[PDB]
Amino acid sequence: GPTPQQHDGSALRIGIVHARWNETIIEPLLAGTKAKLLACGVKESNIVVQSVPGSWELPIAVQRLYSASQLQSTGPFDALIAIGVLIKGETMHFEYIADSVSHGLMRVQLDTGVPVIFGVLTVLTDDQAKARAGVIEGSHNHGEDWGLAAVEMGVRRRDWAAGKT
Amino acid sequence: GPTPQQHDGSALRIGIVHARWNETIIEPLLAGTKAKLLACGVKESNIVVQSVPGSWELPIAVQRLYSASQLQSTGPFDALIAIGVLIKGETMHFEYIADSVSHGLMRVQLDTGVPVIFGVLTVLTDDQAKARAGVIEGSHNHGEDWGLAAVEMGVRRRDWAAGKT
Amino acid sequence: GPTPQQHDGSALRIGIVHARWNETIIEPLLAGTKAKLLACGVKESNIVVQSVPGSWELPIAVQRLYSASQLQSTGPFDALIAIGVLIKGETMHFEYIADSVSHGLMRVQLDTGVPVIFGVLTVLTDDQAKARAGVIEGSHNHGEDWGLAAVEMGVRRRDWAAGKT
Amino acid sequence: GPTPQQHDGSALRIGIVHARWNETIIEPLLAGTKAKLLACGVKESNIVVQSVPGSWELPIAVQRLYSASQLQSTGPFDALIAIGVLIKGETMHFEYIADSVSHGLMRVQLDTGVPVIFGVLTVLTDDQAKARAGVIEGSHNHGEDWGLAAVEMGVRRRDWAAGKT
Amino acid sequence: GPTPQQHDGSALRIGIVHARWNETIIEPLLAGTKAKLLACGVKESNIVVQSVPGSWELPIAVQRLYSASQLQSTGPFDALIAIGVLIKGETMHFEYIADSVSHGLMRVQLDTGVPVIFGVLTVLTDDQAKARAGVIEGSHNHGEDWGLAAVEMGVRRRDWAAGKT
Ligand SMILES: O=Nc1c(NC[C@H](O)[C@H](O)[C@H](O)CO)[nH]c(=O)[nH]c1=O
Ligand SMILES: O=Nc1c(NC[C@H](O)[C@H](O)[C@H](O)CO)[nH]c(=O)[nH]c1=O
Ligand SMILES: O=Nc1c(NC[C@H](O)[C@H](O)[C@H](O)CO)[nH]c(=O)[nH]c1=O
Ligand SMILES: O=Nc1c(NC[C@H](O)[C@H](O)[C@H](O)CO)[nH]c(=O)[nH]c1=O
Ligand SMILES: O=Nc1c(NC[C@H](O)[C@H](O)[C@H](O)CO)[nH]c(=O)[nH]c1=O
């Protein structure tokens, strides 16, 4: 378990990209993460949320979303969140996508210099996904953690960008 | 399971590179993906389709195909699709190629800033390949998913390129 | 087991970023690493210590922390330390994060040309974490090793930067 | 199994780098790949063949070989082939080298924009190597596949370089 | 088993970086590699040897060592050797470090365009390390192989740098 921390992040602009596989799990997740964002003061209008078919699209989509925000409510995002739900199938498809999407996101992060919250679940059974999405009774929705983290990192990124230590 | 979406993508130019190992599986896949492309309004003439011997050639081939479209019916592709079929052999050849082709494609994607649909199957038995290719009675051809995704991502890439969020 | 070596590093400026998951393990670790830093003559004021929620944030945070020190007590850090504690859960989350955070740090290191001490534990049970953190009576705290290493590498980085061999 | 295709590639210049571990397997392989090259019209003088001690040297060697051809019978190679034979030992040495050599080659390929045929065997037993090298009576020599692929890709690379689609 | 080859490499300048974990294994290794270097005509004064605490430091240290030699007995090294000894512990620490150090070295190699001999042992038991270090009676020291390879690659690098094929 982690240690909770709520930051201002009211001057933050967050970008979220979620995949659409396993939507019944994606929604609960997205809901929780968006919730905590507002809960932290992020303005509803400063939260961009786009989707893609699968997790594989996550990294490319996040890279481009940010890319767009730069060409420009307005202003390059201060933090990004990638939400996806991978579940083991009968083949190794699961593992090859999980590993690449993982490194992919880690890259976009370091490449871009902008925090990309890892909101991707790499589960083995449906129930595990549900449990991590808060779907099950008294189960902790990790989305909340991700929104919370997005804000913290967004704030931190700014300070670093300001040369503050 | 995912949640498809049909987008316009009639102003899209899609590039497809498929390997030739396990052609009886490649064809059904390619067929389905090309089908859904047209089904989305992609003009037959705006769908380029080239092949390579194995999956290892997929990433290099995709990188160069796009590269070519840039030097130029005409205009850099808006989305790319890599189709390959890896099946476990007796050695670790399967895993070393799958992992590299996977990262390879993920890279070309991020490098190029152009979505590259992951149409590569990493299966353990022939039947699994067939099932994923729609070959087996009342099975689902994933190719359809890939064509569908190619369009969506192509459209999305354009908007991002336009700084739209 | 390694061979101990204490260097001057009194003219060193060290940056430390630690995650907050498993704080009861993080603290003992951080404590030991900071201890050995001072023990080597690093001035208390030349030791910057910031935190992040999870290990995933480690690489991005380290990259940016250093980045900031460059824009500028003052002067780009001579060495960095990433402290995190991953513990196997019920899913593959553990492994996908460990592998990416690992490569992520290795990258920031080579990218930046600045040593980033790998103070991340990839454990299977709570006790293992405690044992590596010196928590368990008469056990060895690896944090000490990391602080010690941070100094050595910091010193070495400088010489290399000076073209000395 | 793949689908055979013989291309011209008489105007091609191919570079081959093979390791020397397990030479009794390397030779049969190299022989077959060189054979099919000529068989496709590649001029004997346009086939450069150098060696290195182990597979680890493969990627660096291929990168530099091509690099050299650029500084310049003459003309940067149109395709490269890396031949190596890894066999599981008692330790994890096998896997750590196979994975790095694999990504290494995939990188040189994408980096360089030149196809690098993956002629590396990642086997578990001597016999498997022999079988893949055509050594074991009636077994298939994969080298033939690699030479064949080198030509196709070489030809294709040229067209892409010409902006042809 | 590999095929032996002794080259001149008397005009070579070799840089060696070894970790200090498991020194009783590192020393025998380093000894053997340095031995074969001299045995090949490398001048004692042209062999630089620095150390680092663990294997994780290997890639960064090698990258910087070379880096230094460039700013400049004198002259950028023609080949580099990384010596480290990883042994499975109770946790996954072993695997996460081995995989990153491996890719790290492979990268410095391709990045730098200078061969970096992989003198890192990824063993499961102390005895395996000893056996690979020639320690056990009548056991073959791999260090000899590495020194030998360093020379060959150094010589080859030069020729490639000279555009020779
Ligand atoms: O297939 N299983 C999954 C999946 N599809 C793979 C991929 O994201 C993509 O849609 C196409 O491969 C090519 O772009 N995506 C997930 O988020 N979870 C899964 O469990
Ligand atoms: O070997 N099995 C397979 C394969 N060949 C490997 C590779 O693509 C290539 O042709 C050469 O290795 C070197 O370029 N390619 C596949 O698409 N599926 C397989 O199941
Ligand atoms: O989940 N378990 C762990 C964890 N959280 C994962 C991650 O670091 C992050 O906080 C979010 O995934 C997205 O940024 N972080 C750890 O350091 N150890 C764990 O054992
Ligand atoms: O060790 N076994 C093998 C090997 N040597 C490892 C490596 O390529 C290298 O020579 C040195 O590690 C450092 O450069 N190389 C192979 O192609 N196959 C093997 O089965
Ligand atoms: O821990 N075991 C080992 C080790 N230490 C890990 C690492 O190299 C480093 O010193 C610190 O983690 C952070 O920089 N280094 C080795 O070469 N072999 C081991 O068997």
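Pairing each residue of the range B:20-32 that is of a type in the set (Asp, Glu) with any residue that is outside any helix (DSSP H, G or I), provided the two are 6+ apart or on different chains, yields C-beta distances under 6 Å for B:23/D:3.
Of the residues screened, residue B:56 is one that is facing chain D (nearest Cβ under 8 Å) and in contact with a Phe, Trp or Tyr (Cβ under 7 Å, 6 or more places away or on another chain).
Looking across C:69, C:51, one residue alone is assigned to a helix (DSSP H, G or I) and either out of contact with any helix residue (DSSP H, G or I) (no Cβ under 8 Å at 6 or more places or on another chain) or among the charged types (D, E, K, R) (or both). It is C:69. Got at least one residue in the range E:130-139 being more than 27 Å from residue E:4 (Cβ to Cβ) and surrounded by 18 or more Cβ atoms within 10 Å (Cβ to Cβ)? No - not one qualifying residue is present in the range E:130-139. Checked against the criterion of being farther than 27 Å from residue C:150 by Cβ and either within 15 Å of ligand 4 (Cβ to nearest atom) or polar (S, T, N, Q) (or both), the candidates E:39, E:131 yield just one match: E:131. The set of residues in the range D:122-132 being assigned to a helix (DSSP H, G or I) and in contact with a helix residue (DSSP H, G or I) (Cβ under 7 Å, 6 or more places away or on another chain) consists of D:129, D:130, D:132. For residue C:42, the conditions (1) closer than 29 Å to residue C:126 by Cβ; (2) buried (at least 24 other Cβ atoms within 10 Å of the Cβ); (3) aliphatic (A, V, I, L, M) all hold with the exception of (1). Restricting attention to the range D:153-165, the residues being under 13 Å from the mean Cα position of the chain (by Cα) and not small (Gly, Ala, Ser) number 1.
So in the range E:93-108, with the set limited to residues that are more than 8 Å from chain D (Cβ to nearest Cβ) and small (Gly, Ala, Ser), which one is nearest to residue D:90 (Cα to Cα)? Applying the filter and picking the extreme gives E:100.
Looking across the range A:99-119, just one residue is surrounded by fewer than 23 Cβ atoms within 10 Å (Cβ to Cβ) and aliphatic (A, V, I, L, M), and that is A:110. Of the residues C:61, C:79, C:35, the single one that is within 11 Å of the chain's Cα centre (by Cα) and either of a type in the set (A, V, I, L, M, F, W, C) or surrounded by fewer than 19 Cβ atoms within 10 Å (Cβ to Cβ) (or both) is C:79. Residues that are away from ligand 5 (no atom under 12 Å from the Cβ) and more than 7 Å from every other protein chain (Cβ to nearest Cβ) do occur in the range E:80-92, at least one of them. Among what's in the range A:139-158 and is facing chain C (nearest Cβ under 9 Å) and over 15 Å from residue A:30 (Cα atoms), pick the residue that is nearest to ligand 3 (Cβ to nearest atom). That would be A:153. Scanning the range E:1-27 for residues that are in a helix (DSSP H, G or I) and crowded, with 21+ Cβ neighbours inside 10 Å turns up E:25, E:26. Taken together, C:101, C:108, C:135, C:85 contain a single residue that is touching a helix residue (DSSP H, G or I) at 6+ places or on another chain (Cβ under 6 Å), outside any helix (DSSP H, G or I) and under 25 Å from residue A:79 (Cα atoms), which is C:85. All told, residue B:48 meets the bar of being facing chain D (nearest Cβ under 8 Å), in contact with a strand residue (DSSP E or B) (Cβ under 7 Å, 6 or more places away or on another chain) and more than 16 Å from ligand 2 (Cβ to nearest atom). On inspection, residue A:63 does not qualify as in a strand (DSSP E or B), over 15 Å from residue A:9 (Cα atoms) and facing chain B (nearest Cβ under 10 Å). For the range A:82-96, taking the residues that are among the aliphatic types (A, V, I, L, M) and over 17 Å from the mean Cα position of the chain (by Cα), the one that is farthest from ligand 2 (Cβ to nearest atom) is identified as A:87.
When the range E:45-55 is filtered for residues that are surrounded by 22 or more Cβ atoms within 10 Å (Cβ to Cβ) and of a type outside the set (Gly, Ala, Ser), the ones remaining, listed by number, are E:52, E:53. On the stretch given as the range A:145-165, residues that are crowded, with 24+ Cβ neighbours inside 10 Å and closer than 8 Å to residue A:79 by Cβ total 4.
In the range A:28-45, the qualifying residues are those that are assigned to a helix (DSSP H, G or I) and of a type in the set (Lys, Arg), and the one that is farthest from the other protein chains (Cβ to nearest Cβ) is A:34. For the range B:1-37, a residue qualifies if it is under 16 Å from residue B:77 (Cβ atoms) and among the aliphatic types (A, V, I, L, M), and the qualifying residues are B:11, B:12, B:14, B:16, B:17, B:37. Does residue C:75 satisfy being in a loop (DSSP other than H, G, I, E, B), of a type in the set (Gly, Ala, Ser) and more than 10 Å from chain A (Cβ to nearest Cβ)? Judged against the criteria, residue C:75 is a match.
Positions of Cβ are generated from backbone atoms using ideal geometry, with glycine treated the same way; all protein chains shown enter the neighbour counts. Every number in this text was worked out from the coordinates using simple rules, so none of it is lab data.
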